[PDB]
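Chains as they are written, first to last, in our numbering: chain A, 1 to 506; chain B, 1001 to 1123; chain C, 2001 to 2092; chain D, 3001 to 3048. Ideal placement from N, C-alpha and C gives every residue a C-beta, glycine not left out. A short worksheet on the structure shown next.
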C-alpha cells in the first residue's frame, strides 16, 4: 500500500491543508451570491444568512446554473453511441446491417436516459452545477445500481483530492458521518469492539480512500471506520470507469482543484455590494423626519401637536423648517456607477439587458464540463449497467461523443429536399438521374450505404406490388363471379340459399 | 427611488413579471429539489398502498417512476411522422431504397423501431 | 427499541430544542409576507394579524406558491411508469 | 425506506441539518428594508 501506508484518515488530515485556500474562496463567493449555498463548516442550525445588499449575485447564480443545466442535459439525447464505420462494415455485410446495429446502439441510449431520469440524477446534477459555480470543484459518486439508487454529491468540505502537475488523479478521500444505528451490522460490531459502547445516534466518521494502485493502471478503494479497514471493501476500478469522478470547472494546470466561475467576477460583486449598501443607507436617513424650528422665532410647537385636523394657531411658516438629506448630486453619481457594474455583471452571467451573443459566450463555459462531467458519467453507467445486465454486453468497440442523434437528422432531411427538387426532372432521358442522386448524397455527406436499390431488391418490390394487384383484381372477379353464378336462374338461387342455410320465400 | 429598486429586485426573486424567458429558468431550479423530495416519495407510497387494496394490478416490481415536468414519446412520434410524410413525396422512385430511409429516419429521431415495420406475415 | 427506550413523548420533548431555530426563523419570515400562515404557537383565536406595511411579500409568496403548484403538478401526467426496455424485450 | 407514509419534505436543504430552510429567508433582509422604507413613506402622508 504505497498510497495507504499511513491510512485513509491520515491522508485526509494531511491533504486538508491544501484544500484550505479553495474553501475560503468558496465561502467568500457564496457570501455575495447566495450565503446559504456554501456555509463555512461552523454554521449550525442556529445561523442566519443575511441577504447581500446587491441581488445580481443571487439572480445571476440561479440563472447561470439553470442555463448550464438546459445546455448540458437537455430533454433527450445529449449523448450518442457510435461504432467505427470502417471496422463495422468489414465484419458485417452491408445495407441494413449497419442500420440494424444503430438500432441496438439507439436502444442502449434510451435505457441510459431512462436510468438517469428514474433515479433522479437531474436533481443531483443541478446541485452539482450550483456548487461548481460557487465553489468550482464538486465530487459526485455513483453507487452500484440496486433498485432506486441516487448518486451522492460531496461538497468541497467533505472530500479531498490530490492531483499532479500533469493533471492525473493520484488519490481521493471522502469523509462521511453516519449514525451508529444507520451503519451496517458488520461495521457496527467493529465500532463496538474499537471505541467501546456507542450511543444510538452517535456520528461515526467513515473514510473511503481511492488511490492509484502501484504498477498497472487502476484504482484501489477501501473503507476504514476508526483506524483500520472494514472486514471487506477492497474494490478495484480501471481508470476510465471509476465511480468517484471529481468534476471541476475553470481548471488550472498544476492545481489539484478547480476555480469557481464567480471568482472571475467577485471583485465587481464586492464593489457593487458596497455601493448598493450605501444607497440604501441614505434612504433610511431620508426616512427619518425632523422639524428644525428657530429658537429665535415666535411659533410654539406645542400648539401644532395639540391641534386637531383643522385649526388656526399662532405662528409663522418661516419658523418651522424640515431637515432633509442633501447630496442629490451624489445620489446620481453612485447610482450611475452602480447601474454600470450591474450591467457588466448581468452580461457575465446569462442575463438579458444580445440573444445571439449569450449562447456563443455560454458555449465556452460548459465545453470543459462535457469532458469533465458528461463523459465520465456515461462511461461509469455503461460499465455498471452491463454488470447488472441492464444493457446488452457491449463489444468494447463503441465510443460515445456527448453532443449538446445530432447531424444525422439534418443530413437526412436536407438530402430528401434535394431529391424532391430532383424529382421535378423525372422522365428526362438526357440526364442520368441515378448518378445525380448519388452525387447529391455525397455532397450532403450521407454514408450512401443501402440507400440505393439493388437489382435483387428491385425484384422484391415488383413481386410484392404484383401480388397486391393479383389479389385486388382476383377478389373483385371472384366476388362478382360467385354472385353472378348464384343469382343466375331461379332454381340456382334457391340452391344458393340452401348452401347458407336459408329457405326460399318468407 | 430606493423603495422602488428593492421592490423591483424582490419582484424578480419571486415569479412576478416586470422577462418571459427569464423567470421559467429561475423557476426551474426552485422545484428541482422538490421533485425528488416530494413528488417521487409520494408516488412510491401510493403505488404500494393501492396494490395492497387491489386498486391497481400487482406490479412486477421492475417498473421505475420518473417524475417529468409521457414526455418525449409524443414529440418523437410527431417528428418522425412529419419526416416520413416528407419521404412520401419521393415514392415511385426505383433508385432509392425507401424502406431503409424510413429506418434511418426513425433512428435519427430516436424511436424504438420495434414492431413499427410490417413483417411478411403482417403484409 | 434503541431509538424508543425513553418513549415517544420524551423524544419529542428532547428534539424540540433543535427545532426552535427553524420555528423562530419561520415566524419572522411569515411576519413580513403573510402573518396568518405561521402563528407563533401562542396565538389563540383572539389575535389579530396586522398587515405588513409592504405588499410585495404577500403578493410574491402567493404567486410563487401557485407557480410552483402549476409546474410541479400540472393538469395531467406529471409522472410516468417505465419498464426496462432490455428486460421487457427478452421476457416478451 | 422506499415506502413510508410519513415523508418529511423540505426545500433548500443544507447537508448536516435535520430541517430545510425557507425560500423567503434568503430574501428576508430585503423585505425588512422595504418594510421600513414603505413605513416611513406612509407616515409622511399622514403628517400631510
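Does the Cβ-Cβ distance between residue i and residue j come in under 9 Å?
i: residue 323 of chain A; j: residue 291 of chain A; result: yes
i: residue 208 of chain A; j: residue 223 of chain A; result: yes
i: residue 1005 of chain B; j: residue 1036 of chain B; result: no
i: residue 77 of chain A; j: residue 1110 of chain B; result: yes
i: residue 34 of chain A; j: residue 17 of chain A; result: no
i: residue 29 of chain A; j: residue 373 of chain A; result: no
i: residue 27 of chain A; j: residue 40 of chain A; result: yes
i: residue 414 of chain A; j: residue 2085 of chain C; result: no
i: residue 384 of chain A; j: residue 234 of chain A; result: no
i: residue 381 of chain A; j: residue 142 of chain A; result: yes
i: residue 304 of chain A; j: residue 320 of chain A; result: yes
i: residue 56 of chain A; j: residue 342 of chain A; result: yes
i: residue 22 of chain A; j: residue 259 of chain A; result: yes
i: residue 172 of chain A; j: residue 244 of chain A; result: yes
i: residue 156 of chain A; j: residue 137 of chain A; result: yes
i: residue 174 of chain A; j: residue 189 of chain A; result: no
i: residue 1001 of chain B; j: residue 331 of chain A; result: yes
In angstroms, rounded to a whole number, what distance separates the CA positions of residue i and residue j?
i: residue 406 of chain A; j: residue 1086 of chain B; result: 19 Å
i: residue 184 of chain A; j: residue 254 of chain A; result: 40 Å
i: residue 88 of chain A; j: residue 82 of chain A; result: 10 Å
i: residue 435 of chain A; j: residue 1119 of chain B; result: 31 Å
i: residue 1112 of chain B; j: residue 269 of chain A; result: 50 Å
i: residue 3036 of chain D; j: residue 3029 of chain D; result: 11 Å
i: residue 96 of chain A; j: residue 449 of chain A; result: 9 Å
i: residue 112 of chain A; j: residue 404 of chain A; result: 16 Å
i: residue 257 of chain A; j: residue 154 of chain A; result: 14 Å
i: residue 5 of chain A; j: residue 237 of chain A; result: 20 Å
i: residue 387 of chain A; j: residue 394 of chain A; result: 11 Å
i: residue 467 of chain A; j: residue 457 of chain A; result: 16 Å
i: residue 410 of chain A; j: residue 1043 of chain B; result: 39 Å
i: residue 101 of chain A; j: residue 1108 of chain B; result: 13 Å
i: residue 2079 of chain C; j: residue 79 of chain A; result: 24 Å
i: residue 15 of chain A; j: residue 166 of chain A; result: 18 Å
i: residue 115 of chain A; j: residue 459 of chain A; result: 44 Å
i: residue 147 of chain A; j: residue 1025 of chain B; result: 31 Å
i: residue 481 of chain A; j: residue 506 of chain A; result: 26 Å
i: residue 108 of chain A; j: residue 118 of chain A; result: 15 Å
i: residue 461 of chain A; j: residue 477 of chain A; result: 24 Å
Using C-beta distances below 7 Å, list every residue in its chain close to residue i, excluding the 5 sequence neighbours before and after it, in chain order.
i: residue 2036 of chain C; result: 2049
i: residue 1102 of chain B; result: 1084, 1087
i: residue 265 of chain A; result: 345, 348
i: residue 307 of chain A; result: 313
i: residue 276 of chain A; result: 53, 54, 338
i: residue 316 of chain A; result: 297, 298, 299
i: residue 195 of chain A; result: 226
i: residue 124 of chain A; result: 140, 150, 151, 153
i: residue 187 of chain A; result: 225, 230
How should residue i be labelled, buried or exposed, when 16 other C-beta atoms within 10 angstroms of its C-beta is the threshold for buried?
i: residue 563 of chain A; result: Outside the displayed range of chain A (1 to 506) lies residue 563 of chain A, so it cannot be described from this structure.
i: residue 562 of chain A; result: With chain A represented from 1 up to 506, any question about residue 562 of chain A goes unanswered, as that position is not in the structure.
i: residue 68 of chain A; result: buried
i: residue 499 of chain A; result: exposed
i: residue 130 of chain A; result: buried
i: residue 2003 of chain C; result: exposed
i: residue 399 of chain A; result: exposed
i: residue 135 of chain A; result: buried
i: residue 432 of chain A; result: exposed
i: residue 121 of chain A; result: buried
i: residue 2025 of chain C; result: buried
CB-CB under 8 Å to residue i, same chain, minus the five flanking residues each way: which ones, in chain order?
i: residue 169 of chain A; result: 161, 162, 163, 212, 246
i: residue 451 of chain A; result: 441
Just to confirm my understanding: we take residue i, look at its own chain, exclude 5 residues before and 5 after, and list those with CB closer than 6 Å. What are they?
i: residue 19 of chain A; result: 160
i: residue 1020 of chain B; result: none
i: residue 217 of chain A; result: 239
Report task. Only counting runs of 4 or more residues, tell me where the alpha helix (DSSP H) segments fall wholly within the stretch 1007-1063 of chain B, in order along the chain. Result -> 1020-1030, 1040-1052
Open item on the list: Runs of 4 residues minimum, wholly inside the stretch 72-131 of chain A: which ones carry the alpha helix (DSSP H) assignment?
Closed with: 85-91, 96-118
Just list the beta strand (DSSP E) runs in the stretch 195-246 of chain A, keeping only unbroken ones of 3 residues or longer that don't cross its boundaries, in chain order.
203-212, 219-224, 235-237, 244-246
For the stretch 279-333 of chain A, list the beta strand (DSSP E) runs that are entirely contained and at least 3 residues long, ordered along the chain.
-> 290-293, 320-323
**OP:** Quick one: which unbroken alpha helix (DSSP H) runs of 4-plus residues sit fully inside the stretch 1053-1122 of chain B? Chain order, please.
**Re:** 1072-1088, 1098-1109
_Going residue by residue through the stretch 166-193 of chain A, where are the continuous alpha helix (DSSP H) segments of at least 4 residues, counting only ones entirely within it?_
185-192
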